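I am attaching a structure below and will ask some questions about it afterwards.
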Amino acid sequence: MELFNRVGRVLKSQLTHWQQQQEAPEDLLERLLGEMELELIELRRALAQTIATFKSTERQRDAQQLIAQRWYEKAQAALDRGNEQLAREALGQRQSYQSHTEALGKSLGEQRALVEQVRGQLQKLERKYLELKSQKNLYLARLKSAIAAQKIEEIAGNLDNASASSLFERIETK
Amino acid sequence: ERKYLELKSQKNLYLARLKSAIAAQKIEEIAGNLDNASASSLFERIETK
Amino acid sequence: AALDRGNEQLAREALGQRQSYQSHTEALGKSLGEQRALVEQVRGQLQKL
Amino acid sequence: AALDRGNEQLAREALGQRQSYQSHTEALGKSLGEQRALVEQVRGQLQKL
Amino acid sequence: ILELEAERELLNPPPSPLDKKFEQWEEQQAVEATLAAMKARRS
């Protein structure tokens, strides 16, 4: 097909490596792990975005509790002389401010466990990627060494069996 | 409007959660293909050779 | 830094981590026992060949 | 300047700093133990070669 | 700042009260060694 011939340069280059892949996986293996490194630099930034959002929620709690303290200060201006009457309203507001503060604080307890578990998930996974890089480097060495060994056995078998019998039996008959 | 403010906080944290989950999905799926497909190809093809 | 004065409390966590570090160290050391035998046998294979 | 008259109070901070200075000094000194062995072994490598 | 702190907690273990007290005792032991030198010269 003319279409096939047109596609031939791109397809047959890949297939020429495809038959080679037993000798040469290196490019496809490192391409995939390169993509895995491109992901993993995202995964670390996504962890940093989660930590940033967790403590920003906590900074909003820091503001809520600061306004609760501002409600205690306004109470303190009436908590002497027995004039605590206005403390009724001031602490009445602070009760709602404490409820949001502890809603934040307990959300921030789950968000804590999230940043801890995601850090442990990452540190296990990326350490496994590091050791898997070590294994891959050692696997390309093993593969090339096996290939070389195969070449010594096969060339040695042709050298001894084909060449040497040709030497001994042809020299003897002559 | 205070609910809108806290909902903005949640949305920002939800986009972070979503992107982080997506990344996690990519590590599991690429790790499963790396260990299962690649490693069996390494061990069983090296052993047979 | 906590194994004097009877303050070894923190040694609980510190050695708790070291236990996982020793497991990877001895996993490496025993992989490196096979990798030893590989470099020895490949050297003998080569020197014969 | 504070180790006489029992005025050693300021020695708390002064030796508190020196502790960090000694740690870097002995980090250097033990790096310089390896760097010693490097200059010795490289000198023996050269003189043989 | 939180983004900078995410790199802080990558470069730096959380300074818990435990290691903080150990470092304080280290300073205490440095001064206790200076005191030992003081009273040994005074002997």
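Each chain carries a letter (A, B, C, D and E) given by its place in the written order, and its residues are counted from 1.
Everything below uses one rule, namely that a contact is a pair of C-beta atoms (placed from the backbone, for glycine too) under 8 Å apart; a residue touches a chain by one contact, two chains touch by 3 or more.
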**Message:** Rotating subunit C so that its CA atoms sit on those of subunit D: what angle is that, to a multiple of 5 degrees?
**Reply:** 5
**Message:** Nearest whole angstrom, what separates the Cα centre of subunit A from the Cα centre of subunit B?
**Reply:** 8
**Request:** State, to the nearest whole Å, the distance from the C-alpha centre of subunit B to the C-alpha centre of subunit C.
**Result:** 30
**Message:** Just the number, please: Cα centre separation of subunit D and subunit E in whole Å.
**Reply:** 18
**Prompt:** With chain centres defined as C-alpha means, what is the inter-centre distance between subunit A and subunit E in Å?
**Reply:** 35
**Overlap residues in subunit A, where contacts from two or more other chains coincide** = 47, 52, 56
**Request:** Check the chains against each other and report every pair that touches.
**Result:** A-B, A-C, A-E, C-E, D-E
**Prompt:** In the complex formed with subunit C, which residues of subunit E make contact?
**Reply:** 18-19, 22, 26
**Complete:** Within the complex, subunit B is touched by subunit A residues 22, 29, 32-33, 35-36, 39-40, 42-43, 46-47, 49-50, 52-54, 56-57, 60, 111, 118, 121, 125, 128, 132, 139, 142-143, 146, 150
**Request:** Flag every residue of subunit C that touches subunit A in the complex, lowest number first.
**Result:** 35, 42, 45, 49
**Asked** Within the complex, which stretch of subunit C touches subunit E?
**Response** 1-2, 9-10
**Prompt:** Can you list the residues on subunit D that touch subunit E in the complex?
**Reply:** 3, 8, 11-12, 15-16, 18-19
